[PDB]
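Q: just the starting chains for now, same placement as in the complex:
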Amino acid sequence: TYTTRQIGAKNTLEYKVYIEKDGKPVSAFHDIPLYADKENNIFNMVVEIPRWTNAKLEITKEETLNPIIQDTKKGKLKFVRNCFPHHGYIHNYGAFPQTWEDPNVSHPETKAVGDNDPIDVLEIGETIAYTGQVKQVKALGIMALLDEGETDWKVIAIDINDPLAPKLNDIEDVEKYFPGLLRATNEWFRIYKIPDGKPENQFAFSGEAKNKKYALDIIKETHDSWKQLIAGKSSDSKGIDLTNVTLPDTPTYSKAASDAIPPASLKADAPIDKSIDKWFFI
């Protein structure tokens, strides 16, 4: 059973969310199995950012057990700006654990090195997710985002508990039940960083969302890269903390890491600067 342990108040620099397995903190990056059901390709998706929020929360590569923490910018919290007609993130945003976009080699489909992070997932169900949630999802497709020149695949998925889950089985079903969502997805990822002064992003395949079969192949590739990484066999792990508490045959295995985590110290959400309210027309 997966639960969360929150340190601090949301929207503060001290805020951390560890994922617990039977009450014990585990690595959100390495200890959560990629598959909830291997035979049926049902994946475990770690949610970082709830739909319509702005905080750039992420499984941290630099801290032990990789808790979800907010990224920083010039000493303060990092937030994505609202880009008309969108409000914050337009998907329950997260990643699949036990995956890695290898930054050491150039990926052929995109002709660029990976972004050094677990593969990303866009969960399109109706219910807004919570930070640290581990939900079970079906893969529907994938888009080849080049984010600031780096391979940055976006898997399109749906929570198996969603009322529409039974009807969503491949990429064509997203346009059938969520018309316009894919085009908006393409747009959002192209322009979301422009308010921060970054250039517009680009997609391979002219922004085409590849199907489930394709998605599964890429997911497997990123899972294989993580297998090499966690074994300590990457040519360069980029200082990522590979500490884990469920993989005994790995060099960085350490059960005590779980017991070192401070107890929950939940505090109510802290105020977010009103500047984040701003709607950008770009």
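A: Thanks, I have the structure now. Numbers count the residues shown, from 1 in each chain, chains lettered A, B, ... in the order given.
Q: what residues does stretch A:199-217 touch?
A: Contacts made with stretch A:199-217 from outside it, assessed by C-beta atoms under 8 Å, 6 or more residues apart in numbering, are listed as A:41, A:109-111, A:139-148, A:155-156, A:169-172, A:174, A:182, A:185-186, A:189-191, A:193-194. The C-beta positions use only the backbone N, C-alpha and C, and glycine is treated the same way.
Q: from those residues, which land in strands?
A: Counted as lying in strands by DSSP state E, out of the contacts of stretch A:199-217, are A:139, A:140, A:141, A:142, A:143, A:145, A:146, A:147, A:155, A:156.
Q: helices along the stretch 101-250 of chain A, start to end?
A: Ranges of helices in the stretch 101-250 of chain A, per DSSP state H, counting those that start in this stretch, are A:172-177, A:181-191, A:212-230.
Q: nearest to residue A:2, out of the ones you listed?
A: Ranking those by their distance to residue A:2 (criterion: C-beta to C-beta) puts helix A:212-230 first, at 19.0 Å.
Q: buried set for that closest one?
A: For helix A:212-230, the buried set under the neighbour-count rule, 16 or more other C-beta atoms under 10 Å, comprises A:212, A:214, A:215, A:218, A:219, A:221, A:222, A:223, A:225, A:226, A:229, A:230.
Q: likewise for stretch A:50-63?
A: By neighbour count on 16+ other C-beta under 10 Å, the buried set for stretch A:50-63 is A:50, A:51, A:53, A:54, A:55, A:56, A:57, A:58, A:59, A:60, A:61, A:63.
Q: please flag which of those sit within strands.
A: Judged by DSSP E, strands contain the following of the buried residues of stretch A:50-63: A:57, A:58, A:59.
Q: would you agree the last one is in contact with residue A:68?
A: This means residue A:59. Yes: Residue A:59 is within contact range of residue A:68, at 5.7 Å (criterion: C-beta atoms under 8 Å).
Q: what do those two both touch?
A: Counting by C-beta under 8 Å, 6+ apart, the common neighbours of residue A:59 and residue A:68 are A:28, A:46, A:48.
Q: another chain to add, chain B:
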Amino acid sequence: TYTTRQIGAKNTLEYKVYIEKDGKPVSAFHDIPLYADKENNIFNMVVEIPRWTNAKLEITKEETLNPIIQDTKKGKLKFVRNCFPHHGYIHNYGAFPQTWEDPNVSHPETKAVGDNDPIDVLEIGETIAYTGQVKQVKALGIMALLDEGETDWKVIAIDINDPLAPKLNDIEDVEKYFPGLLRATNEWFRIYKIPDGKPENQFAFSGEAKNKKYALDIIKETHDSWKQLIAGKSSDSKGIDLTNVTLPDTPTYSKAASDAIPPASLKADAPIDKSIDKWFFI
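A: One more chain to add, chain B, which I have set with the ones above:
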């Protein structure tokens, strides 16, 4: 100076927000001057619904001093649904006090009776407003919405404190600085009740946003409709509570109504049913 007096928790039936003038409650409908600066065309806007929220809050016509409360439908709190790509209301939504869409006469521009409510205002500034807030705005234009067959003008305005206020003078400036907003506004008002099982709404003039001069004329007409109403001269005031504490020459003036209001009893927001998360693709 205008402040707010909150009773109960947001998202509850007991929730009320009274507008105070120098600490004393006044009618949000009748006691707040329409004009902050008449000759410069600056108006006082009463905010009911902050941008990106769902609750259908409104200056209530049938309670003394007309506090803002949440509208209901079949005994349950009324919430507007999310219509892709929109999240809740896409503007700081409110009304102009001392105005009334006369339901007793068919309006010639729209060929329909008014909706019995003060004239509506869509404030397009960057900052998210707060319920019960009294802000000064400039009128830029107006759209003739026919909401469920009733005259329902929507004034397009900007908070004078907005960084872009000095550059926004007429309706054309909205397209320049807020490209796509007018089109999305037309769409929003046409489709927002479809998730509730209601027909698509319609606009007069093919949805054209009339200019500042046109907007001023309609605002003034609704102000005149309210002058007849407050004087007790309407053929049918529809049970509207006309009690006021600042208009001594009106029949319903009452210098005791203000002190009859209970003191603030602000509570934390109550939870909103998770079904309100749902994004409708209609």
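Q: go back to the buried residues of stretch A:50-63, now with chain B?
A: Using 16 or more other C-beta atoms under 10 Å in any protein chain shown as the test for burial, stretch A:50-63 gives A:50-61, A:63.
Q: residues of the stretch 1-150 of chain A that sit close to chain B?
A: Proximity of the stretch 1-150 of chain A to chain B is assessed by C-beta under 8 Å from any C-beta of the partner chain, with A:51, A:52, A:84, A:85, A:86, A:87, A:90, A:126, A:127, A:128 identified as the residues in range.
Q: now the fifth one: how far from residue A:124?
A: Read it as residue A:86. 14 Å (C-beta to C-beta, to the nearest Å).
Q: list of residues touching stretch A:166-176?
A: The list of residues contacting stretch A:166-176 from outside it, by C-beta atoms under 8 Å, 6 or more residues apart in numbering or on different chains, reads A:124, A:138, A:140-141, A:156, A:158, A:162, A:177, A:181-182, A:209-212.
Q: select, from those residues, the two members most distant in space.
A: Comparing every pair within the contacts of stretch A:166-176 by C-beta to C-beta identifies A:162 and A:210 as the most remote, at 21.5 Å.
Q: quick one: the closest residue to residue A:137 other than its chain neighbours from chain B, how far?
A: Of all residues beyond its chain neighbours, the one nearest residue A:137 is residue A:157 (4.1 Å), with distances taken as C-beta to C-beta, 6 or more residues apart in numbering or on different chains. To chain B, residue A:157 is 16 Å away according to C-beta to the nearest C-beta, to the nearest Å.
Q: list the contacts for residue A:188?
A: Taking C-beta under 8 Å, 6+ apart as the criterion, residue A:188 is in contact with A:83, A:86, A:90.
Q: so which of the residues you listed would you say is closest to chain B?
A: Nearest to chain B out of the contacts of residue A:188 is residue A:86 (C-beta to the nearest C-beta; 6.6 Å).
Q: packing partners for the strand or helix carrying residue A:8?
A: Counting by DSSP states H and E, the element that carries residue A:8 is strand A:2-9. The contact analysis (3 or more C-beta pairs under 8 Å, 6 or more residues apart in numbering or on different chains; DSSP states H and E) places strand A:2-9 against strand A:16-21, strand A:265-267.
Q: could you dump these to a markdown table with distance to residue A:78 and mean neighbour count?
A: Putting the helices and strands packed on strand A:2-9 into a markdown table (distance: least, C-beta to C-beta, whole Å; neighbours: other C-beta atoms under 10 Å in any protein chain shown) gives the following:
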| stretch | distance to residue A:78 | mean neighbour count |
| --- | --- | --- |
| strand A:16-21 | 15 | 22 |
| strand A:265-267 | 20 | 12 |
